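Novice: This structure is in structure tokens; I'll ask about it shortly.
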Amino acid sequence: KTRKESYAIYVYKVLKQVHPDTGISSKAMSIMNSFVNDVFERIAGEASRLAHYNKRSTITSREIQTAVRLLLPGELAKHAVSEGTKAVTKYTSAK
Amino acid sequence: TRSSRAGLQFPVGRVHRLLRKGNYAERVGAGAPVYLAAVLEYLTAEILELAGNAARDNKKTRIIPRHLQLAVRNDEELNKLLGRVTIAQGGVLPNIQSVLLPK
DNA sequence: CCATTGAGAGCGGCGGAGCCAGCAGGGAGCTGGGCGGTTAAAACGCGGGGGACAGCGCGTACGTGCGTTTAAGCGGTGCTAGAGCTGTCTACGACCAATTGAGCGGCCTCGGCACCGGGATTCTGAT
DNA sequence: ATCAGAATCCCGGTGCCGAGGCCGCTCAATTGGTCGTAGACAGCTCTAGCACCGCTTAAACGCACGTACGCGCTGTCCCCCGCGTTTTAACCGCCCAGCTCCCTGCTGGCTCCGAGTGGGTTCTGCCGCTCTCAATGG
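Those protein sequence lines, which keep their order, are chains d and c. In terms of PDB author numbering, the first sequence opens at residue 28 and continues consecutively. In terms of PDB author numbering, the second sequence opens at residue 16 and continues consecutively.
Now the structure itself:
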């Protein structure tokens, strides 16, 4: 019985991080999963062209970054770059 | 993991796999699955935030598609982002044009 | 009398034809899904109100023209910033293998919430 | 406004099925590790971008005038509204079909294969490791 993946459990964990005493329906869960994949493509895609445009073979956090700045509206971009630059530095801390 | 090592809830592994396999480039940096998983995590938070709010406002403990729609269409910045997305079972915001109202 | 030990001898091992049994593969029972009966959304009937649309007229803003005024476009010269091309070294990513739990499907119980029948309010139209 | 009068909302009771949770298996992630190359970075040159000027004039500005269009008003006529009845499309009970219960068909296994008779020749496990005897060394 095939092992189909999703983002479901992580959506949940983040839900708890923001609204601890709140739950979700399957129907809305699909929407959250759709949302994630759509956003993932759009950012990944932009990043991809960015590389090409600049005759370079690698999609780095920087490519991802500027992708984000083209894909997102002023404020939402702003925070996104934060969380982005943060988790990256915090990652390069640990090893 | 690496979700840990970056304080993320979002699968930093999963993401690194998907970038390599989804044919975006020849090679794929170490920071990017982290940078992106984060941005993904960030944005799913903002939605879950304002939807939950909306479910409180609409007096329910569980979020249904509507609560997402309300959260989205009422947020000026999110609505743009999902400017071309129809959300299943979203309905519409209530909006009735003036001149249509009784006198 | 004393005594280790070869030799004696004994036991532990090292073709062919024809019935029934077993199995596997393909129809139409009783629980699921498709048709009959009942019943709720749609097509129709009825008729009146207000909105569409056409006519008209007023008031004025926007098109036109001319004279006045401003700065675009031209090509011509001079300066260096920055792009693009170049050249070396190495860090970071891909790739392979081997070990480990994060994440998924499968599981059951339980409670958030769809359902509603009654009473609370918040308007609409008539007066 | 002030009235009743709808239709809608909010409320307390009940009820059921999907949430959200745990059970445990497995496969995707992580680890340790090698190899080489994409791209970082410092060096160097050479394009075109910026700057600045003045001769020329085409374009832009500003104002004057009136024309014909924006729109505000009216006035009529009918197209859609809301209230209601009947036909039809959707939800509950029965009958027929898919999941299911039965037979039909190939192949492996087992048994049998004439009476009697004479003679013949070959074939009853073989090595070896310990216990016992009484010969024979001191």
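Every residue gets a Cβ at the ideal spot worked out from N, C-alpha and C, and that includes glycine.
(1) Under 9 Å Cβ-Cβ, which residues of chain c neighbour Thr93/d?
(2) Three Cβ pairs or more, each shorter than 8 Å: is that satisfied between the stretch 81 to 101 of chain c and the stretch 29 to 38 of chain d?
(3) Check the Cβ-Cβ distances between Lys40/d and every residue of chain c, and say whether any is below 8 Å.
(4) So the candidates are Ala47/c, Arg32/c, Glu64/c; which of them puts its Cα closest to the Cα of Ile51/d?
(5) Cutting at 6 Å between CB atoms, please list the residues of its own chain near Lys113/d, excluding the five before and the five after it.
(6) Taking buried to mean at least 16 other C-beta atoms within 10 Å of its own C-beta, is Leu115/c buried or exposed?
(7) Mapping the DSSP letters down to three states, classify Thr101/c as helix, strand or coil.
(8) Looking at the unbroken alpha helix (DSSP H) that takes in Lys118/c, where does it start and where does it end?
Specialist: This is what the structure holds:
(1) Simply none; closest approach about 11 Å.
(2) no
(3) yes
(4) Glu64/c
(5) none
(6) exposed
(7) coil
(8) Premise fails: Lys118/c is in no alpha helix (DSSP H) and is neither H nor E.
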